[PDB]
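What follows is one structure encoded as structure tokens, with my remarks underneath.
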Amino acid sequence: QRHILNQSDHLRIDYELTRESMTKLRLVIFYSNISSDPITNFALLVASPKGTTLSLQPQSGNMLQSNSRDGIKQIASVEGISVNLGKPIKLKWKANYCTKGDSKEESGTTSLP
């Protein structure tokens, strides 16, 4: 059920991926703080994948307490031909946040399963 978008030294990003229609996937993204210091000012940015409309809802909050599992949730959907076909859809994403006297960034492009 939970797939791992990304796992750094501080933050795990994972998600539930259901299929809601023949053209639409629904992602329920979860953010986990796996470190001993709080994370603040968290935000995910995302690009529309190549053959698809991306719909992003606002996240539950922008703060994760130390060792907080799923302290923020954010719903996205992906809709279009690629999902209808079995075409691999790539999410280009970037996160920014603050922890440990530091302003951090994390980025990638992950092929959704």
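Chains: A, B, ... in order of the structure tokens. Residues: from 1 per chain. Ligands: from 1, in order shown.
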
Could you give me, as a tab-separated table, every region 38-105 of chain A residue with an atom at most 8 Å from region 9-27 of chain A, plus its closest atom pair and distance in Å to one decimal, counting only C-alpha atoms, rows ordered by chain then number?
residue	atom	partner	partner_atom	distance
A:75	CA	A:27	CA	5.8
A:76	CA	A:27	CA	5.1
A:77	CA	A:26	CA	4.4
A:78	CA	A:25	CA	5.1
A:79	CA	A:24	CA	4.2
A:80	CA	A:23	CA	5.2
A:81	CA	A:23	CA	6.3
A:82	CA	A:23	CA	7.9
A:83	CA	A:23	CA	5.5
A:84	CA	A:23	CA	4.9

Let me see the file: selected residues, N, CA, C and O atoms, as an mmCIF file, in the first residue's frame.
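result25.cif written:
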data_model
loop_
_atom_site.group_PDB
_atom_site.id
_atom_site.type_symbol
_atom_site.label_atom_id
_atom_site.label_comp_id
_atom_site.auth_asym_id
_atom_site.auth_seq_id
_atom_site.Cartn_x
_atom_site.Cartn_y
_atom_site.Cartn_z
ATOM 1 N N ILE A 75 -3.034 15.384 -0.461
ATOM 2 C CA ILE A 75 -3.637 14.666 -1.567
ATOM 3 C C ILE A 75 -3.269 15.309 -2.919
ATOM 4 O O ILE A 75 -3.364 16.541 -3.095
ATOM 5 N N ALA A 76 -2.867 14.448 -3.852
ATOM 6 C CA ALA A 76 -2.657 14.776 -5.241
ATOM 7 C C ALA A 76 -3.450 13.800 -6.110
ATOM 8 O O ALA A 76 -3.793 12.709 -5.672
ATOM 9 N N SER A 77 -3.741 14.192 -7.342
ATOM 10 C CA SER A 77 -4.206 13.256 -8.353
ATOM 11 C C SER A 77 -3.490 13.483 -9.683
ATOM 12 O O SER A 77 -2.945 14.573 -9.975
ATOM 13 N N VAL A 78 -3.439 12.411 -10.454
ATOM 14 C CA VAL A 78 -2.797 12.389 -11.756
ATOM 15 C C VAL A 78 -3.820 11.829 -12.727
ATOM 16 O O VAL A 78 -4.401 10.784 -12.478
ATOM 17 N N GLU A 79 -4.056 12.538 -13.822
ATOM 18 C CA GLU A 79 -5.177 12.215 -14.706
ATOM 19 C C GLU A 79 -4.769 12.411 -16.154
ATOM 20 O O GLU A 79 -4.109 13.403 -16.508
ATOM 21 N N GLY A 80 -5.136 11.444 -16.994
ATOM 22 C CA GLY A 80 -4.833 11.523 -18.432
ATOM 23 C C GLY A 80 -4.557 10.178 -19.072
ATOM 24 O O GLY A 80 -4.678 9.145 -18.420
ATOM 25 N N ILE A 81 -4.172 10.213 -20.349
ATOM 26 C CA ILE A 81 -4.034 9.013 -21.188
ATOM 27 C C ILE A 81 -3.018 8.048 -20.610
ATOM 28 O O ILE A 81 -3.270 6.848 -20.553
ATOM 29 N N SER A 82 -1.896 8.581 -20.141
ATOM 30 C CA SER A 82 -0.786 7.745 -19.648
ATOM 31 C C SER A 82 -1.242 6.770 -18.590
ATOM 32 O O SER A 82 -0.816 5.614 -18.584
ATOM 33 N N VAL A 83 -2.103 7.239 -17.693
ATOM 34 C CA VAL A 83 -2.636 6.363 -16.659
ATOM 35 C C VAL A 83 -3.542 5.300 -17.281
ATOM 36 O O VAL A 83 -3.516 4.168 -16.837
ATOM 37 N N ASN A 84 -4.295 5.675 -18.320
ATOM 38 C CA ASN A 84 -5.259 4.799 -19.003
ATOM 39 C C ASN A 84 -4.512 3.682 -19.736
ATOM 40 O O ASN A 84 -4.741 2.500 -19.484
#

With only C-alpha atoms as the counted atoms, please give the residues lying no more than 8 Å from region 90-100 of chain A, apart from itself and same-chain residues fewer than 6 positions off, as a ChimeraX atom specification. /A:37-50,106-112

From a DSSP pass on the backbone, collect the residues of chain A flagged as alpha helix (DSSP H) and hand them back as a VMD selection string. chain A and resid 81 to 84

Please write the residues from the selection above to a file, keeping N, CA and C atoms, as a PDB file, in the first residue's frame.
ATOM      1  N   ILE A  81      -4.172  10.213 -20.349  1.00  0.00           N
ATOM      2  CA  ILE A  81      -4.034   9.013 -21.188  1.00  0.00           C
ATOM      3  C   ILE A  81      -3.018   8.048 -20.610  1.00  0.00           C
ATOM      4  N   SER A  82      -1.896   8.581 -20.141  1.00  0.00           N
ATOM      5  CA  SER A  82      -0.786   7.745 -19.648  1.00  0.00           C
ATOM      6  C   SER A  82      -1.242   6.770 -18.590  1.00  0.00           C
ATOM      7  N   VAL A  83      -2.103   7.239 -17.693  1.00  0.00           N
ATOM      8  CA  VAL A  83      -2.636   6.363 -16.659  1.00  0.00           C
ATOM      9  C   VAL A  83      -3.542   5.300 -17.281  1.00  0.00           C
ATOM     10  N   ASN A  84      -4.295   5.675 -18.320  1.00  0.00           N
ATOM     11  CA  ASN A  84      -5.259   4.799 -19.003  1.00  0.00           C
ATOM     12  C   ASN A  84      -4.512   3.682 -19.736  1.00  0.00           C
TER      13      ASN A  84
END
